[PDB]
Structure formats: structure tokens, C-alpha cells
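Enquirer: Got a structure for you, written out below as C-alpha cells; questions coming shortly.
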Amino acid sequence: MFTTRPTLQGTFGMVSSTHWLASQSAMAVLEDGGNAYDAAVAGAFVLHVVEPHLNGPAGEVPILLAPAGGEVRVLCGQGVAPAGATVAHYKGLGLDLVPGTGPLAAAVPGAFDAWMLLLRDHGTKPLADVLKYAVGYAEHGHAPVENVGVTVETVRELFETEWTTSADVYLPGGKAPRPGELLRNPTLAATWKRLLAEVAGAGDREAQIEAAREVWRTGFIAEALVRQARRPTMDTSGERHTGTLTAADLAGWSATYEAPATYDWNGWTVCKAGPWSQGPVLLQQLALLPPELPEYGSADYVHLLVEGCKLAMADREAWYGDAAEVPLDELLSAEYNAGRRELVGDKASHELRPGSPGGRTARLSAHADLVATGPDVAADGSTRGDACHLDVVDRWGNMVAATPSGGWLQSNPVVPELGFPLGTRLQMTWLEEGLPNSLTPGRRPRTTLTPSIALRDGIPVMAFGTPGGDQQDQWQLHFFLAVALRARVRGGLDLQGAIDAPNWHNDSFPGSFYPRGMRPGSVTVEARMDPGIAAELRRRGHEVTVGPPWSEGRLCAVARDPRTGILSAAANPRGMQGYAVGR
């Protein structure tokens with residue numbers, strides 16, 4: 001059975017990411033004696049340079065780490081809303097939704113501190129050695145994918161007319177980035193060099209990293225961000241607004257560790273970030289499944305999965321966030337889920353139906369209620385396209401999986417003394433009080449960013465993820481199941497066959513991104529899915545959209561066979577960008 005790449009197999013290390021430049025940069029770290037965490041940090045910073053349309057240094061990142069011996073652990077690099085970012089304030093600006101662009105959408109940037117923590121607690125390499133790769137591609141250049149330049153062109157009027165600092169970087173002399181020529185960001189290069197120069201004398205290896213955390217937090221980086229945040233900036237609303245972001249918000253905030261949300265299923269345990277992310281929706285879909293699944297890849301299998309996802313997503317909308325306690329145990333309990341799988345019926349649901357965990361009655365946002373009636377980038381700079389992904393496993397068996405995002409070029413003006421813009425993750429909160437995901441000071445917005453680590457018999461086995469917003473834990477569920485249900489290839493998990501497999505998603509819920517619309521009953525399948533499966537689904541009431549052959553999922557996966565010690569990896573071929581490397 002043909003696969004677009006091999007599921008690579010080896011004994012030294014594996015990397016999977018959404019861009020080959022990042023994968024090979026992370027692998028170069030392993031080849032120089034670094035570990036999985038050293039490698040991820042390096043890959044992450046190259047990812048800022050090579051996918052600036054999908055992430056950036058001022059974005060955010062959840063990291064799942066599975067060190068060889070010990071506990072699976074989450075490192076939360078999702079920042080919070082500013083102290084001054086209240087519903088009342090945003091309501092006072094005449095807003096009904098948080099804007100998709102501009103400084104009002106910016107959470108405290110969380111990703112940088114998170115990488116530094118990972119580097120200092122679990123790394124072995126210094127900062128300079130781990131980010132020379134990014135610096136090199138920033139100052140000397142890299143040949144970009146067509147999506148970078150296309151993204152810039154879409155947002156050109158806005159850059160030239162309004163966000164002129166972004167025009168300085170991305171439209172030098174009016175010239176957008178082009179494939180087959182070297183794209184540079186000399187300012188981003190300078191920022192890291194300066195960071196490295198004023199941290200060099202700070203002491204031992206970790207003292208340097210810790211002083212770099214403070215340079216970000218309180219030094220020249222922080223100064224510039226706040227200054228930019230407070231400059232009146234055109235946004236999606238059509239008015240120029242200012243951010244509430246403050247020197248103190250930055251000075252106070254750190255990335256934190258926490259236990260994963262986990263769910264045992266069929267000999268495996270899937271590990272995710274807590275319900276401040278969408279991570280637990282994957283888990284909820286597992287618990288929804290009966291012990292007896294239909295024939296893999298079949299019309300009954302898909303339908304079952306689509307209806308279960310709708311159920312599970314309704315619960316995230318209703319229950320998930322960081323402005324209230326989330327009844328997660330009850331949502332993953334067998335009693336609750338036994339009740340819920342009965343709601344999966346022969347016809348396709350066009351409704352949003354959250355359940356009542358622990359008898360609690362569901363509160364939905366007015367806008368969510370309203371939207372439930374039953375392109376990548378706009379000229380605005382409003383977007384759907386979301387994030388990168390990066391997975392590493394090393395010779396010692398350490399695993400990481402991270403989905404960094406935010407701080408992309410389309411949706412905020414570049415901070416001129418730094419070279420990158422502020423993020424836009426507050427767009428996923430509600431401007432309504434009393435909700436789990438109410439925009440709230442000191443709270444993370446409920447984020448789409450959702451990496452995965454799978455265990456088999458309680459042993460860390462597979463580290464994987466994908467970008468793509470509200471598709472992230474849809475594509476990953478279809479992926480993970482196929483790994484578990486498909487036949488082994490070369491006596492190992494069929495990672496690439498699972499990735500290659502036709503994939504799908506639905507939009508039958510309010511979307512995380514501005515303007516937060518929904519399409520009741522809507523499912524989208526790749527054109528290579530059997531056309532009789534499409535036929536069955538429409539028969540069963542689904543509003544089926546037939547997208548292109550190679551359009552669904554940007555999956556990454558690394559894996560370790562625990563009995564044999566053999567590392568493997570796979571990557572998504574769609575968009576000819578994602579790539580696995582290893583040996």
C-alpha cells in the first residue's frame with residue numbers, strides 16, 4: 001500500500017513538523033548531542049522565521065513533554081488577557097465580538113517564556129546554540145513557501161495604508177515575498193542577537209536563560225510591545241483602537257507546568273492540555289465511542305465520528321474556558337457518556353446540543369445561540385488559518401509535542417524595534433459575563449492549540465499534532481484512531497498511512513475565530529474519500545462539501561516502540577511543506 005513518504009524508522013532521533021526547515025534544524029541539534037527539548041526550542045524559533053503567516057515570537061504554545069523515565073507533563077505557554085481587558089471595557093468601545101485583528105485581540109505573549117522554561121528545566125544546550133538556526137534564516141534568508149507572499153498580498157492595502165511598520169518588513173520597496181528568492185527579516189535577527197549579547201555574561205547556562213526571560217518580560221522587548229500595544233491601530237471593526245496591555249501584565253506573567261487531561265481508551269491513554277484549550281474535546285469524542293466500532297473507513301464509521309464530534313464540540317462551547325471551573329471528570333465519566341452516545345442518531349444533527357454534566361444546566365453565549373440557526377485570510381487581516389506543529393523523540397526516549405501559533409503577520413502591525421507583531425488569541429473569548437470563556441483579566445482565552453501524546457499500557461509511545469484551529473482535535477482524532485485501527489507496516493505503527501488517509505471535518509458549531517460563525521450540518525471531505533461515502537452522508541442529512549484531494553490535515557507524528565527502542569516518524573504531504581526527518 002503506497003504512502004507519500006515512508007514511515008521513517010531508526011535509532012538516533014526523529015523530528016516531525018509543518019516545515020522541513022524547522023525539522024532539519026531541530027535534527028541538527030540532535031546530531032550535535034542535544035536532546036528532544038533542545039531540538040524543539042531550536043525548531044520553534046526557525047518556525048517563527050519560516051511560517052510567520054501562522055506563528056511568531058509573541059504568540060503562544062502548549063507543550064506536552066514525556067521525559068524518558070517520568071511523568072507526562074503540560075507546559076502552558078498560553079498567555080492571559082491583560083488586567084484592563086474586561087468585558088465592560090470592550091463593550092464600552094461598542095464591540096459585540098472581540099476583533100480578529102489589532103492590539104485589543106492580544107493576550108500576554110506566552111510562547112517565549114515557555115520555550116525558555118523548557119530549555120532551562122529539560123534542556124542541555126545554551127540559548128545561543130539553540131537559536132542560531134532562526135538567526136541565520138532571519139538575517140541571511142530562506143526561500144519561502146508561496147503562502148507567505150500570498151498572505152502578505154492579501155493584506156497589502158492594510159499594510160501600506162495603516163500598518164506601515166509591517167510594510168517596512170514585508171513590503172520593502174513595495175515588493176512582497178516571492179518563492180525562489182531569499183526572504184529576510186534583519187530586524188528579527190537583530191532582536192535575538194541583542195537578546196543573546198546582553199544575556200551572555202549572566203553566569204552559567206540556566207542563569208543566561210533566566211536573564212533572557214527577564215529581557216522579554218521587563219527589558220527592551222517588553223518596552224517595545226507595550227508601546228506598540230498603546231498606539232491607535234486600525235482593526236476589523238473599522239476603527240483605530242488601543243490595547244490595554246501594560247508593563248506590569250508582562251512583568252507578572254510566567255509559563256506554568258500542569259498535569260495533562262488524560263483518557264484511557266482501548267489499551268491506550270491520550271494526553272492533552274487542560275480545558276483552557278480545546279484539548280479535552282479529543283478525549284470527549286473517545287469516551288463517546290461504543291466499545292464496538294464499525295468497519296474502519298466506512299460510511300457508518302465516519303457518520304458515527306461526525307455526530308460524536310458535534311456532541312463533543314457543543315460541550316466545549318458550553319463548558320470549556322478559563323473563567324470558570326470545568327466539570328471534566330463528569331464529561332469524561334461513563335454514566336454521562338452512556339447517556340450522550342444515544343443522541344447519535346440515524347440522521348445528521350443540525351443542532352448544537354450541549355449536555356448536563358452533574359445536572360448543571362448549559363449556558364451558551366448569546367452570539368453562540370444566535371449563530372446556531374439549525375478563505376484563509378481577509379483584507380481585514382482576519383483569519384482562520386492557525387498555528388504550526390512540531391514533534392521530537394531522541395535517542396534516550398524523551399518526547400515532546402508542541403503546537404505554537406499566534407503573532408502572525410496578517411493580524412497586527414509589526415513592533416518596529418523588534419520585527420514581529422503582537423498576537424490575537426483574545427478573539428476566542430466572549431464579550432458577555434458569566435461564561436466559562438468570558439473575556440476575563442488574568443485568564444487565558446480558550447485556545448484551539450492542542451498537541452497530543454499517546455500512551456500504550458501507560459508507556460509514552462506517540463507524540464503528534466496538527467495545526468488548523470477548530471479542525472485540530474477533529475483531524476487528530478481521525479488520525480489517532482487510524483493509527484490504532486490500521487495494520488502495522490514494517491512491524492511498526494502505520495504513521496504515514498494514517499496521515500495519508502482521507503480526512504474530514506465539520507463546522508457545525510460556533511468557530512473560535514472572528515467573526516465566530518457556524519454552518520449547521522456542514523461536513524467537508526477530501527475528494528479522494530470514496531464518492532459513495534459522500535453519497536451516504538447526504539442521504540443521512542449531512543450538508544457535504546467536497547474539498548480538494550489533498551486539503552485536510554497538517555499532521556505530524558513521532559513514535560517509539562518500547563519493546564524494541566526503534567524511533568519512527570511521519571509527516572503530512574498536503575501543501576508540500578510538512579516533513580519528517582530522522583535516523
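Note on naming: chains are A, B, ... as they come in the C-alpha cells, residues start from 1 per chain, ligands start from 1 in the order shown.
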Each residue of region 68-138 of chain A lying at most 9 Å from region 498-521 of chain A should get a row with its shortest atom-to-atom pair and the distance in Å to one decimal, counting only C-alpha atoms; could you produce that, ordered by chain and increasing number, as JSON lines?
Expert:
{"residue": "A:97", "atom": "CA", "partner": "A:515", "partner_atom": "CA", "distance": 7.3}
{"residue": "A:98", "atom": "CA", "partner": "A:514", "partner_atom": "CA", "distance": 7.3}
{"residue": "A:99", "atom": "CA", "partner": "A:514", "partner_atom": "CA", "distance": 6.6}
{"residue": "A:100", "atom": "CA", "partner": "A:514", "partner_atom": "CA", "distance": 5.0}
{"residue": "A:101", "atom": "CA", "partner": "A:514", "partner_atom": "CA", "distance": 8.8}
Enquirer: Near region 117-130 of chain A, counting only C-alpha atoms, which residues have an atom at most 10 Å away, once you skip same-chain residues fewer than 3 positions from it, shown as a ChimeraX atom specification?
Expert: /A:25-26,28-29,32-46,63,65,67,75,77,112-114,133-135,192-193,195-197,199-200,204-210,212-213,254-257,398
Enquirer: Compile the contact shell of residue 408 (chain A) as a PyMOL selection string: residues with an atom at most 7 Å away, counting only C-alpha atoms, same-chain residues fewer than 5 positions apart removed.
Expert: chain A and resi 52-56+421+423
Enquirer: Write out, as a PDB file, in the first residue's frame, the residues just selected, with C-alpha atoms.
Expert:
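Result file follows (out_11.pdb):
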ATOM      1  CA  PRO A  52       5.350  33.964  10.002  1.00  0.00           C
ATOM      2  CA  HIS A  53       1.854  33.747   8.462  1.00  0.00           C
ATOM      3  CA  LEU A  54       0.977  31.005  11.050  1.00  0.00           C
ATOM      4  CA  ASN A  55       3.095  31.759  14.172  1.00  0.00           C
ATOM      5  CA  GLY A  56       5.509  34.267  15.700  1.00  0.00           C
ATOM      6  CA  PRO A 421       3.687  41.749  15.775  1.00  0.00           C
ATOM      7  CA  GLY A 423      -0.916  38.165  18.848  1.00  0.00           C
TER       8      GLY A 423
END
Enquirer: For the structure I just gave you, how does DSSP split region 180-241 of chain A - specifically, which residues are strand (DSSP E)? Reply as a PyMOL selection string.
Expert: chain A and resi 233-234+240-241
Enquirer: Could you save the residues just selected, with N, CA and C atoms, as a PDB file, in the first residue's frame?
Expert:
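Generated output (out-v5.pdb):
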ATOM      1  N   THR A 233      -4.551  51.691  16.474  1.00  0.00           N
ATOM      2  CA  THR A 233      -4.293  50.736  15.407  1.00  0.00           C
ATOM      3  C   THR A 233      -5.599  50.241  14.810  1.00  0.00           C
ATOM      4  N   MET A 234      -5.794  50.519  13.527  1.00  0.00           N
ATOM      5  CA  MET A 234      -6.953  50.034  12.783  1.00  0.00           C
ATOM      6  C   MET A 234      -7.132  48.545  12.977  1.00  0.00           C
ATOM      7  N   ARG A 240      -9.787  52.692  14.727  1.00  0.00           N
ATOM      8  CA  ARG A 240      -8.484  52.525  15.364  1.00  0.00           C
ATOM      9  C   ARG A 240      -8.644  52.445  16.872  1.00  0.00           C
ATOM     10  N   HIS A 241      -8.249  51.303  17.428  1.00  0.00           N
ATOM     11  CA  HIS A 241      -8.322  51.050  18.864  1.00  0.00           C
ATOM     12  C   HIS A 241      -6.931  50.886  19.444  1.00  0.00           C
TER      13      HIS A 241
END
Enquirer: Looking at A:337, A:242, A:474, A:262, which one is nearest to residue 290 (chain A), with distances taken over only C-alpha atoms?
Expert: A:337
Enquirer: For residue 248 (chain A), which residue out of A:570, A:344, A:222, A:493 is the nearest one, using only C-alpha atoms?
Expert: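 Closest residue, counting only C-alpha atoms: A:222.
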